[PDB]
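As structure tokens, one chain now follows by itself in the form deposited in one PDB entry.
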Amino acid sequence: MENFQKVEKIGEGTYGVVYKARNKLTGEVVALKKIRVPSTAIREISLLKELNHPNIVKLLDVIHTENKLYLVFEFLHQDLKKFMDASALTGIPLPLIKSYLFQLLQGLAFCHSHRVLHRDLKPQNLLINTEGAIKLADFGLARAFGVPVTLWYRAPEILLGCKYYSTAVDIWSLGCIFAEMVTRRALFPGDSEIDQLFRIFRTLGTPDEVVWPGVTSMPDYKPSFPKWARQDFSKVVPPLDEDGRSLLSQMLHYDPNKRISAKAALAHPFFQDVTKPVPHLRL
């Protein structure tokens, strides 16, 4: 640690405090996470080090010293939440929305092909740079550190008590993030688990055995849930064109087994004309 000089409190996250810091020998500027140590975690985290991809935030080094654990990551200058706030008046140009979505789906595809998932995607762990790239941060952590189950981006199978949920839970999250980009408002802003579910049910309809076989058998399903009708997506992400809503709709399938995968989504026609614009950033 002594090898690092803290520059500023970036913010407080899931596993602890995140600092901007400098490596006192490489001179490299990094992001330092102090994780709040079990052998299992050290081993899992050591595997995630080898996971390298242009749309995954690079885990540079793992520092285990004095009972404590620190993760050292590649540093970027802005998270997607800051960006959207900064864009609240004008919104993000579609072509940039489309670039980001496409890059994030490449990231997900990569990690999922290795059976690694995130489980907690949110705009705050989506990081952008001046060159138009976007990258996912904190992939694989939840599983390491054994983090138990912001509810705004949680998949419905997690909320219903599925203990063995899959890569599909990340697709759900990214779909929610996609909608938020387009409209500049959160899709499902729950303030408790039940509120989260119900907001989902009010928009996509209460799930049943017709749309999601097995759902009435999930541990936290109640027959007493109110039954709401489904609303049209034309009303949920309005300006979004048809290919977009089509893709969004397949990202928000209730049935985890019918939800589109990242690899198939890359093949969606909405990406036929994809480009890589650069954003206008004030750092």
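From 1 onward, residues are counted along the sequence shown. We call the rigid core the largest set of C-alpha positions that still match within 1.5 Å between the two forms.
What comes next is about the form deposited in another entry, which does not appear here.
Trainee: With the two forms aligned on their rigid core, point out which item of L141, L126, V169, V182 shifts its C-alpha by 2 Å or more between this form and the one not shown.
Mentor: One residue passes the 2 Å cut-off, namely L141.
Trainee: With a threshold of 2 Å on the C-alpha, tell me if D273 counts as moved between this form and the one not shown once the core is superposed.
Mentor: Superposed on the core, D273 moves its C-alpha less than 2 Å between this form and the one not shown.
Trainee: When the rigid core is used for the superposition, does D232 move between this form and the one not shown (threshold: C-alpha shift of 2 Å or more)?
Mentor: It does not, since the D232 C-alpha is displaced less than 2 Å between this form and the one not shown after the core fit.
Trainee: Examine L71 after superposing the rigid core and state whether its CA is displaced by 2 Å or more between this form and the one not shown.
Mentor: Indeed, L71 is displaced by 2 Å or more.
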